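Here is the file final.pdb (PDB, C-alpha atoms).
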MODEL        1
ATOM      1  CA  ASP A   3     -67.847  44.507  51.764  1.00  0.00           C
ATOM      2  CA  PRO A   4     -68.486  44.743  47.970  1.00  0.00           C
ATOM      3  CA  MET A   5     -64.926  43.724  46.872  1.00  0.00           C
ATOM      4  CA  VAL A   6     -64.912  40.660  49.280  1.00  0.00           C
ATOM      5  CA  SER A   7     -68.541  39.849  48.329  1.00  0.00           C
ATOM      6  CA  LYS A   8     -67.881  39.225  44.592  1.00  0.00           C
ATOM      7  CA  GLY A   9     -65.586  36.183  45.082  1.00  0.00           C
ATOM      8  CA  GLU A  10     -67.614  35.051  48.156  1.00  0.00           C
ATOM      9  CA  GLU A  11     -70.885  34.851  46.135  1.00  0.00           C
ATOM     10  CA  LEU A  12     -69.266  32.327  43.787  1.00  0.00           C
ATOM     11  CA  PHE A  13     -68.804  29.835  46.683  1.00  0.00           C
ATOM     12  CA  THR A  14     -72.073  30.053  48.640  1.00  0.00           C
ATOM     13  CA  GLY A  15     -73.335  26.798  47.213  1.00  0.00           C
ATOM     14  CA  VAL A  16     -71.987  23.444  46.042  1.00  0.00           C
ATOM     15  CA  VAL A  17     -69.582  24.068  43.108  1.00  0.00           C
ATOM     16  CA  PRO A  18     -68.580  21.412  40.503  1.00  0.00           C
ATOM     17  CA  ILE A  19     -64.807  20.856  40.389  1.00  0.00           C
ATOM     18  CA  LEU A  20     -62.632  19.757  37.465  1.00  0.00           C
ATOM     19  CA  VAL A  21     -58.930  18.836  37.975  1.00  0.00           C
ATOM     20  CA  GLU A  22     -56.454  18.063  35.139  1.00  0.00           C
ATOM     21  CA  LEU A  23     -52.842  17.123  35.736  1.00  0.00           C
ATOM     22  CA  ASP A  24     -50.118  16.501  33.193  1.00  0.00           C
ATOM     23  CA  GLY A  25     -47.069  14.983  34.793  1.00  0.00           C
ATOM     24  CA  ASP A  26     -43.564  13.711  34.224  1.00  0.00           C
ATOM     25  CA  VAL A  27     -41.488  12.277  37.093  1.00  0.00           C
ATOM     26  CA  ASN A  28     -37.974  11.148  35.995  1.00  0.00           C
ATOM     27  CA  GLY A  29     -39.376  10.627  32.428  1.00  0.00           C
ATOM     28  CA  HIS A  30     -42.372   8.626  33.736  1.00  0.00           C
ATOM     29  CA  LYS A  31     -45.079  10.487  31.763  1.00  0.00           C
ATOM     30  CA  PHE A  32     -48.637  10.367  33.246  1.00  0.00           C
ATOM     31  CA  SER A  33     -51.970  12.283  33.243  1.00  0.00           C
ATOM     32  CA  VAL A  34     -54.633  12.375  35.924  1.00  0.00           C
ATOM     33  CA  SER A  35     -58.191  13.742  35.558  1.00  0.00           C
ATOM     34  CA  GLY A  36     -60.204  14.510  38.769  1.00  0.00           C
ATOM     35  CA  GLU A  37     -63.894  15.439  39.428  1.00  0.00           C
ATOM     36  CA  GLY A  38     -66.152  16.266  42.333  1.00  0.00           C
ATOM     37  CA  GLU A  39     -67.651  19.171  44.117  1.00  0.00           C
ATOM     38  CA  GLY A  40     -66.735  21.532  46.898  1.00  0.00           C
ATOM     39  CA  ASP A  41     -68.870  23.294  49.506  1.00  0.00           C
ATOM     40  CA  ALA A  42     -66.787  26.176  50.941  1.00  0.00           C
ATOM     41  CA  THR A  43     -69.581  27.168  53.392  1.00  0.00           C
ATOM     42  CA  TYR A  44     -68.489  23.928  55.161  1.00  0.00           C
ATOM     43  CA  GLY A  45     -64.805  23.790  53.932  1.00  0.00           C
ATOM     44  CA  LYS A  46     -65.721  20.423  52.410  1.00  0.00           C
ATOM     45  CA  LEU A  47     -64.492  18.751  49.170  1.00  0.00           C
ATOM     46  CA  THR A  48     -65.263  15.426  47.612  1.00  0.00           C
ATOM     47  CA  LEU A  49     -63.047  14.389  44.700  1.00  0.00           C
ATOM     48  CA  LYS A  50     -62.146  11.295  42.656  1.00  0.00           C
ATOM     49  CA  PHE A  51     -58.888  11.227  40.567  1.00  0.00           C
ATOM     50  CA  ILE A  52     -58.118   8.848  37.781  1.00  0.00           C
ATOM     51  CA  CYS A  53     -54.793   8.075  36.210  1.00  0.00           C
ATOM     52  CA  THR A  54     -55.761   8.071  32.564  1.00  0.00           C
ATOM     53  CA  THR A  55     -52.384   6.704  31.343  1.00  0.00           C
ATOM     54  CA  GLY A  56     -52.470   3.431  33.334  1.00  0.00           C
ATOM     55  CA  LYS A  57     -50.554   3.025  36.575  1.00  0.00           C
ATOM     56  CA  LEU A  58     -49.648   6.186  38.521  1.00  0.00           C
ATOM     57  CA  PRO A  59     -45.797   6.105  38.719  1.00  0.00           C
ATOM     58  CA  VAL A  60     -45.865   7.774  42.137  1.00  0.00           C
ATOM     59  CA  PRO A  61     -47.879   7.219  45.349  1.00  0.00           C
ATOM     60  CA  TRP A  62     -51.363   8.890  45.268  1.00  0.00           C
ATOM     61  CA  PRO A  63     -50.600  10.423  48.712  1.00  0.00           C
ATOM     62  CA  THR A  64     -47.681  12.419  47.212  1.00  0.00           C
ATOM     63  CA  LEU A  65     -50.074  14.270  44.793  1.00  0.00           C
ATOM     64  CA  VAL A  66     -52.754  15.171  47.370  1.00  0.00           C
ATOM     65  CA  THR A  67     -51.447  18.736  48.003  1.00  0.00           C
ATOM     66  CA  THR A  68     -51.116  19.291  44.245  1.00  0.00           C
ATOM     67  CA  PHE A  69     -54.662  18.107  43.386  1.00  0.00           C
ATOM     68  CA  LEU A  71     -58.096  23.997  45.899  1.00  0.00           C
ATOM     69  CA  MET A  72     -57.632  26.514  48.672  1.00  0.00           C
ATOM     70  CA  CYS A  73     -60.565  28.670  47.393  1.00  0.00           C
ATOM     71  CA  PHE A  74     -62.750  26.001  48.992  1.00  0.00           C
ATOM     72  CA  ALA A  75     -61.592  26.728  52.568  1.00  0.00           C
ATOM     73  CA  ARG A  76     -64.077  27.807  55.121  1.00  0.00           C
ATOM     74  CA  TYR A  77     -62.989  31.246  56.265  1.00  0.00           C
ATOM     75  CA  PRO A  78     -64.997  32.164  59.353  1.00  0.00           C
ATOM     76  CA  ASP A  79     -66.985  35.507  59.040  1.00  0.00           C
ATOM     77  CA  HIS A  80     -64.496  37.201  61.445  1.00  0.00           C
ATOM     78  CA  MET A  81     -61.756  36.255  58.932  1.00  0.00           C
ATOM     79  CA  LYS A  82     -63.412  37.037  55.544  1.00  0.00           C
ATOM     80  CA  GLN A  83     -60.965  39.882  54.858  1.00  0.00           C
ATOM     81  CA  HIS A  84     -58.150  37.306  54.807  1.00  0.00           C
ATOM     82  CA  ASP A  85     -59.448  35.064  52.046  1.00  0.00           C
ATOM     83  CA  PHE A  86     -57.070  35.759  49.137  1.00  0.00           C
ATOM     84  CA  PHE A  87     -58.223  32.687  47.235  1.00  0.00           C
ATOM     85  CA  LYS A  88     -61.919  33.578  46.711  1.00  0.00           C
ATOM     86  CA  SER A  89     -61.028  37.258  46.281  1.00  0.00           C
ATOM     87  CA  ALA A  90     -58.984  36.341  43.118  1.00  0.00           C
ATOM     88  CA  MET A  91     -62.139  34.726  41.598  1.00  0.00           C
ATOM     89  CA  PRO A  92     -63.531  34.220  38.963  1.00  0.00           C
ATOM     90  CA  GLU A  93     -60.415  35.247  36.961  1.00  0.00           C
ATOM     91  CA  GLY A  94     -58.462  32.931  39.259  1.00  0.00           C
ATOM     92  CA  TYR A  95     -54.937  32.527  40.514  1.00  0.00           C
ATOM     93  CA  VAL A  96     -51.685  30.802  39.625  1.00  0.00           C
ATOM     94  CA  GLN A  97     -50.532  28.335  42.288  1.00  0.00           C
ATOM     95  CA  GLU A  98     -46.836  27.351  42.109  1.00  0.00           C
ATOM     96  CA  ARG A  99     -44.930  24.902  44.287  1.00  0.00           C
ATOM     97  CA  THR A 100     -41.674  23.109  44.745  1.00  0.00           C
ATOM     98  CA  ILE A 101     -41.962  20.051  46.888  1.00  0.00           C
ATOM     99  CA  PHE A 102     -38.697  18.577  48.281  1.00  0.00           C
ATOM    100  CA  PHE A 103     -38.897  14.937  49.203  1.00  0.00           C
ATOM    101  CA  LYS A 104     -36.229  14.332  51.889  1.00  0.00           C
ATOM    102  CA  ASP A 105     -33.406  12.128  50.620  1.00  0.00           C
ATOM    103  CA  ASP A 106     -35.139  12.051  47.237  1.00  0.00           C
ATOM    104  CA  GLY A 107     -36.387  14.025  44.281  1.00  0.00           C
ATOM    105  CA  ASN A 108     -38.512  17.119  43.974  1.00  0.00           C
ATOM    106  CA  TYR A 109     -41.798  18.070  42.327  1.00  0.00           C
ATOM    107  CA  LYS A 110     -42.240  21.437  40.588  1.00  0.00           C
ATOM    108  CA  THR A 111     -45.932  22.366  39.871  1.00  0.00           C
ATOM    109  CA  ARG A 112     -47.680  25.244  38.166  1.00  0.00           C
ATOM    110  CA  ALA A 113     -51.458  25.346  38.402  1.00  0.00           C
ATOM    111  CA  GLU A 114     -54.158  27.733  37.052  1.00  0.00           C
ATOM    112  CA  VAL A 115     -57.177  27.691  39.369  1.00  0.00           C
ATOM    113  CA  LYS A 116     -60.151  29.555  37.883  1.00  0.00           C
ATOM    114  CA  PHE A 117     -63.780  29.324  36.895  1.00  0.00           C
ATOM    115  CA  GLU A 118     -64.884  28.102  33.516  1.00  0.00           C
ATOM    116  CA  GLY A 119     -68.652  28.954  33.729  1.00  0.00           C
ATOM    117  CA  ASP A 120     -70.035  27.229  36.875  1.00  0.00           C
ATOM    118  CA  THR A 121     -67.078  24.755  37.208  1.00  0.00           C
ATOM    119  CA  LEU A 122     -63.990  25.523  39.366  1.00  0.00           C
ATOM    120  CA  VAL A 123     -60.990  24.277  37.316  1.00  0.00           C
ATOM    121  CA  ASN A 124     -57.552  23.304  38.591  1.00  0.00           C
ATOM    122  CA  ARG A 125     -55.241  22.829  35.648  1.00  0.00           C
ATOM    123  CA  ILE A 126     -51.808  21.537  36.654  1.00  0.00           C
ATOM    124  CA  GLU A 127     -48.365  20.813  35.048  1.00  0.00           C
ATOM    125  CA  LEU A 128     -45.937  18.842  37.218  1.00  0.00           C
ATOM    126  CA  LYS A 129     -42.306  18.032  36.725  1.00  0.00           C
ATOM    127  CA  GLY A 130     -40.429  15.610  38.984  1.00  0.00           C
ATOM    128  CA  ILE A 131     -36.622  15.297  38.895  1.00  0.00           C
ATOM    129  CA  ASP A 132     -33.751  13.630  40.748  1.00  0.00           C
ATOM    130  CA  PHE A 133     -35.864  10.813  42.077  1.00  0.00           C
ATOM    131  CA  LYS A 134     -34.399   7.435  43.039  1.00  0.00           C
ATOM    132  CA  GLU A 135     -35.956   4.624  40.992  1.00  0.00           C
ATOM    133  CA  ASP A 136     -35.984   2.470  44.084  1.00  0.00           C
ATOM    134  CA  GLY A 137     -36.836   5.335  46.478  1.00  0.00           C
ATOM    135  CA  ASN A 138     -40.019   5.721  48.471  1.00  0.00           C
ATOM    136  CA  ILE A 139     -41.823   7.597  45.657  1.00  0.00           C
ATOM    137  CA  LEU A 140     -40.926   5.778  42.442  1.00  0.00           C
ATOM    138  CA  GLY A 141     -40.663   2.543  44.500  1.00  0.00           C
ATOM    139  CA  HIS A 142     -44.199   3.071  45.946  1.00  0.00           C
ATOM    140  CA  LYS A 143     -43.189   2.655  49.645  1.00  0.00           C
ATOM    141  CA  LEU A 144     -45.808   4.972  51.218  1.00  0.00           C
ATOM    142  CA  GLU A 145     -48.957   4.067  53.073  1.00  0.00           C
ATOM    143  CA  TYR A 146     -52.193   4.888  51.448  1.00  0.00           C
ATOM    144  CA  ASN A 147     -53.340   7.343  54.082  1.00  0.00           C
ATOM    145  CA  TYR A 148     -52.933  11.002  55.099  1.00  0.00           C
ATOM    146  CA  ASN A 149     -52.069  13.030  58.222  1.00  0.00           C
ATOM    147  CA  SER A 150     -53.831  16.253  59.319  1.00  0.00           C
ATOM    148  CA  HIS A 151     -51.614  19.327  58.783  1.00  0.00           C
ATOM    149  CA  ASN A 152     -52.023  23.086  59.146  1.00  0.00           C
ATOM    150  CA  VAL A 153     -50.602  25.251  56.512  1.00  0.00           C
ATOM    151  CA  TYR A 154     -49.413  28.834  57.242  1.00  0.00           C
ATOM    152  CA  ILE A 155     -50.562  31.462  54.772  1.00  0.00           C
ATOM    153  CA  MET A 156     -48.604  34.614  54.537  1.00  0.00           C
ATOM    154  CA  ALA A 157     -49.046  37.764  52.446  1.00  0.00           C
ATOM    155  CA  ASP A 158     -46.548  38.199  49.622  1.00  0.00           C
ATOM    156  CA  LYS A 159     -46.976  41.872  48.730  1.00  0.00           C
ATOM    157  CA  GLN A 160     -44.314  41.793  45.952  1.00  0.00           C
ATOM    158  CA  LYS A 161     -46.232  39.173  44.072  1.00  0.00           C
ATOM    159  CA  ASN A 162     -49.647  40.707  44.729  1.00  0.00           C
ATOM    160  CA  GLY A 163     -50.379  37.391  46.380  1.00  0.00           C
ATOM    161  CA  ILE A 164     -49.564  34.921  49.146  1.00  0.00           C
ATOM    162  CA  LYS A 165     -46.817  32.393  50.049  1.00  0.00           C
ATOM    163  CA  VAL A 166     -47.082  29.157  51.943  1.00  0.00           C
ATOM    164  CA  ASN A 167     -44.451  26.802  53.415  1.00  0.00           C
ATOM    165  CA  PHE A 168     -45.449  23.610  55.177  1.00  0.00           C
ATOM    166  CA  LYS A 169     -44.160  20.100  55.749  1.00  0.00           C
ATOM    167  CA  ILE A 170     -46.137  16.980  55.000  1.00  0.00           C
ATOM    168  CA  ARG A 171     -45.273  13.689  56.719  1.00  0.00           C
ATOM    169  CA  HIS A 172     -46.150  10.601  54.620  1.00  0.00           C
ATOM    170  CA  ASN A 173     -46.252   7.525  56.907  1.00  0.00           C
ATOM    171  CA  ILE A 174     -44.110   4.587  55.729  1.00  0.00           C
ATOM    172  CA  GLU A 175     -44.558   0.752  56.083  1.00  0.00           C
ATOM    173  CA  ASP A 176     -41.867   0.576  58.856  1.00  0.00           C
ATOM    174  CA  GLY A 177     -42.874   3.478  61.185  1.00  0.00           C
ATOM    175  CA  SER A 178     -40.587   5.818  59.280  1.00  0.00           C
ATOM    176  CA  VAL A 179     -41.934   9.053  57.761  1.00  0.00           C
ATOM    177  CA  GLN A 180     -41.204  10.446  54.271  1.00  0.00           C
ATOM    178  CA  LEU A 181     -41.054  14.265  54.490  1.00  0.00           C
ATOM    179  CA  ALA A 182     -42.307  16.479  51.650  1.00  0.00           C
ATOM    180  CA  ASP A 183     -41.232  20.066  52.283  1.00  0.00           C
ATOM    181  CA  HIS A 184     -43.686  22.382  50.436  1.00  0.00           C
ATOM    182  CA  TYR A 185     -42.851  25.891  49.115  1.00  0.00           C
ATOM    183  CA  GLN A 186     -45.802  27.674  47.574  1.00  0.00           C
ATOM    184  CA  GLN A 187     -46.686  31.015  45.954  1.00  0.00           C
ATOM    185  CA  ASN A 188     -50.060  32.111  44.584  1.00  0.00           C
ATOM    186  CA  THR A 189     -50.769  35.201  42.476  1.00  0.00           C
ATOM    187  CA  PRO A 190     -53.972  36.494  40.745  1.00  0.00           C
ATOM    188  CA  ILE A 191     -54.541  35.798  37.130  1.00  0.00           C
ATOM    189  CA  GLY A 192     -56.472  39.076  36.911  1.00  0.00           C
ATOM    190  CA  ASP A 193     -55.424  42.704  37.341  1.00  0.00           C
ATOM    191  CA  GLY A 194     -58.051  43.715  39.847  1.00  0.00           C
ATOM    192  CA  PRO A 195     -57.768  44.360  43.596  1.00  0.00           C
ATOM    193  CA  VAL A 196     -57.267  41.217  45.712  1.00  0.00           C
ATOM    194  CA  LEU A 197     -57.140  40.662  49.433  1.00  0.00           C
ATOM    195  CA  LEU A 198     -53.743  40.667  50.986  1.00  0.00           C
ATOM    196  CA  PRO A 199     -54.191  38.699  54.233  1.00  0.00           C
ATOM    197  CA  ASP A 200     -52.420  38.927  57.538  1.00  0.00           C
ATOM    198  CA  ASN A 201     -50.670  35.669  58.583  1.00  0.00           C
ATOM    199  CA  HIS A 202     -53.025  32.839  59.330  1.00  0.00           C
ATOM    200  CA  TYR A 203     -53.413  29.193  58.668  1.00  0.00           C
ATOM    201  CA  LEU A 204     -55.668  26.628  57.110  1.00  0.00           C
ATOM    202  CA  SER A 205     -56.291  23.329  58.850  1.00  0.00           C
ATOM    203  CA  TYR A 206     -56.549  20.308  56.564  1.00  0.00           C
ATOM    204  CA  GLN A 207     -57.833  16.839  57.136  1.00  0.00           C
ATOM    205  CA  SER A 208     -57.740  14.409  54.209  1.00  0.00           C
ATOM    206  CA  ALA A 209     -59.116  10.825  53.861  1.00  0.00           C
ATOM    207  CA  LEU A 210     -58.166   8.577  50.952  1.00  0.00           C
ATOM    208  CA  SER A 211     -60.221   5.694  49.747  1.00  0.00           C
ATOM    209  CA  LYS A 212     -60.954   3.601  46.692  1.00  0.00           C
ATOM    210  CA  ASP A 213     -64.098   2.954  44.615  1.00  0.00           C
ATOM    211  CA  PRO A 214     -64.826  -0.831  44.414  1.00  0.00           C
ATOM    212  CA  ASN A 215     -66.275  -0.460  40.874  1.00  0.00           C
ATOM    213  CA  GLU A 216     -63.248   1.451  39.578  1.00  0.00           C
ATOM    214  CA  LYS A 217     -60.719  -0.669  37.612  1.00  0.00           C
ATOM    215  CA  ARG A 218     -58.505   2.247  36.715  1.00  0.00           C
ATOM    216  CA  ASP A 219     -55.736   3.364  39.106  1.00  0.00           C
ATOM    217  CA  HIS A 220     -57.428   6.113  41.156  1.00  0.00           C
ATOM    218  CA  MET A 221     -57.920   7.948  44.422  1.00  0.00           C
ATOM    219  CA  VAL A 222     -60.972   9.105  46.210  1.00  0.00           C
ATOM    220  CA  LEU A 223     -60.282  12.105  48.400  1.00  0.00           C
ATOM    221  CA  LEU A 224     -62.546  13.625  51.114  1.00  0.00           C
ATOM    222  CA  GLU A 225     -61.159  16.811  52.587  1.00  0.00           C
ATOM    223  CA  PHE A 226     -62.144  19.455  55.086  1.00  0.00           C
ATOM    224  CA  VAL A 227     -60.308  22.725  55.310  1.00  0.00           C
ATOM    225  CA  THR A 228     -60.983  25.652  57.783  1.00  0.00           C
ATOM    226  CA  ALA A 229     -59.143  28.991  58.223  1.00  0.00           C
ATOM    227  CA  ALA A 230     -57.811  29.934  61.669  1.00  0.00           C
ATOM    228  CA  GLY A 231     -54.923  31.608  63.498  1.00  0.00           C
ATOM    229  CA  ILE A 232     -56.173  35.131  63.738  1.00  0.00           C
ATOM    230  CA  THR A 233     -58.139  34.938  67.006  1.00  0.00           C
TER     231      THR A 233
ENDMDL
END
Would you give me this structure, written as structure tokens?
Amino acid sequence: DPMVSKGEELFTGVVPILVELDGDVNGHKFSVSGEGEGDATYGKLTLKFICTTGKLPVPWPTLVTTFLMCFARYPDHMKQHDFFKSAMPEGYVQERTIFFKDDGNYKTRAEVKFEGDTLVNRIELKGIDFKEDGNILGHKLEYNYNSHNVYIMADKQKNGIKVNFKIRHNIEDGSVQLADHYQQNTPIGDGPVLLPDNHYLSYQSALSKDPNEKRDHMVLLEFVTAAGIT
């Protein structure tokens, strides 16, 4: 399939990844740069994020979804459902609103595209209506991450896809902080793109630290596989 092959060819190997985020949460201004590589053949990503403005004013875990769906492993039997690679190299806009229960919300707009051999994820994030002493600005979340599937649906009107999913961030008392995700993606380019039938991506995420790193940071190892059309 010559259409589907174009975007596929870009992901057959290990691809360098650049992430840039510019953020403001309740007037806490911060920037994060991230680097690593992704191997979509295996749905694998390896990333390290640095807060370049000092201390991250929010928990790392809350930014994990915001910090690369083109790196999912879509099985062969599902290749006609891979919107994300089909939009490449011209890329796609990923937009979200993320509602933290009993707290504030994040609004994000990201451009995911190739710049030569590097896959770039450029993000702006605005956070509003957060409680200073809430779980987010008060840093009350565990430094870990639960496995979640995420349900991709076609969004014909936007030449694109939508996603809604809920993340549960474990708290230091057995409580969970919910983060209700609404997401839309649309091509940057004008060309044909795949419009999938409903399916989902399964995510597993592990967070760690680098002993040699003195800046505030997050090491992220992720695996992501498409499923749900049998």
**Message:** To test your reading of the syntax: which residues would the PyMOL selection byres ((chain A and resi 142) around 10) return for the file shown? Reply as a PyMOL selection string.
**Reply:** chain A and resi 58-62+135-141+143-146+174
**Prompt:** Excluding same-chain residues fewer than 3 positions from stretch 204-213 of chain A, what lies within 9 Å of it counting only C-alpha atoms, as a PyMOL selection string?
**Reply:** chain A and resi 50+62-63+66+72+75-77+146-155+216-217+220-231
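We find atom CA of residue A:26 and atom CA of residue A:46 to be spaced 29.4 Å apart.
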**Message:** Evaluated on this file, the PyMOL selection byres ((chain A and resi 33) around 6) picks out some residues - which ones are they, written as an NGL selection string?
**Reply:** :A and (23-25 or 32 or 34 or 53-55)
Write out, as a short mmCIF file (atom, residue, chain, number, x, y, z; two decimals), in the frame of the given file, the residues just selected, with C-alpha atoms.
data_model
loop_
_atom_site.label_atom_id
_atom_site.label_comp_id
_atom_site.auth_asym_id
_atom_site.auth_seq_id
_atom_site.Cartn_x
_atom_site.Cartn_y
_atom_site.Cartn_z
CA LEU A 23 -52.84 17.12 35.74
CA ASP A 24 -50.12 16.50 33.19
CA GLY A 25 -47.07 14.98 34.79
CA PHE A 32 -48.64 10.37 33.25
CA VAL A 34 -54.63 12.38 35.92
CA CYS A 53 -54.79 8.07 36.21
CA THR A 54 -55.76 8.07 32.56
CA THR A 55 -52.38 6.70 31.34
#
Coordinates of box centre and edge lengths for stretch 91-105 of chain A, 3 Å on every side, axis-aligned, as JSON:
{"center_x": -48.5, "center_y": 23.7, "center_z": 44.4, "size_x": 36.1, "size_y": 29.1, "size_z": 20.9}
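Considering all atoms listed in the file, the residue among A:88, A:129, A:31, A:104 positioned nearest to residue A:169 is A:104.
Between residue A:109 and the residues A:162, A:233, A:121, A:67, the shortest atom-to-atom distance, using only C-alpha atoms, involves A:67.
What separates atom CA of residue A:3 from atom CA of residue A:89 is a distance of 11.4 Å.
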**Request:** Write out as a PyMOL selection string which residues come within 7 Å of residue A:124 when counting all atoms listed in the file, dropping same-chain ones fewer than 4 positions away.
**Result:** chain A and resi 20-22+113-116
**Item:** Close residues, stretch 178-187 of chain A itself excluded, 7 Å, only C-alpha atoms, min 6 positions apart in chain, as a ChimeraX atom specification
**Value:** /A:97-104,164-172
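When atom CA of residue A:5 is paired with atom CA of residue A:198, their separation reads 12.3 Å.
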**Selection near residue A:161, 9 Å with all atoms listed in the file, sequence-local residues under 5 positions removed, as a PyMOL selection string** = chain A and resi 187-190
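For the structure in this document, the set picked by the PyMOL selection byres ((chain A and resi 120) around 9) is residues 12, 17, 18, 19, 117, 118, 119, 121 and 122 of chain A.
Distances from A:203, A:44, A:133, A:51 to residue A:74 were compared using all atoms listed in the file, and the smallest one belongs to A:44.
The shortest atom-to-atom distance to residue A:82, with all atoms listed in the file taken into account, belongs to A:6 out of A:6, A:41, A:192, A:214.
If you measure from each of A:123, A:157, A:91, A:52 to residue A:71 using only C-alpha atoms, the closest one turns out to be A:123.
Of the listed residues (A:27, A:96, A:73, A:16), A:16 comes nearest to residue A:48; the distances count only C-alpha atoms.
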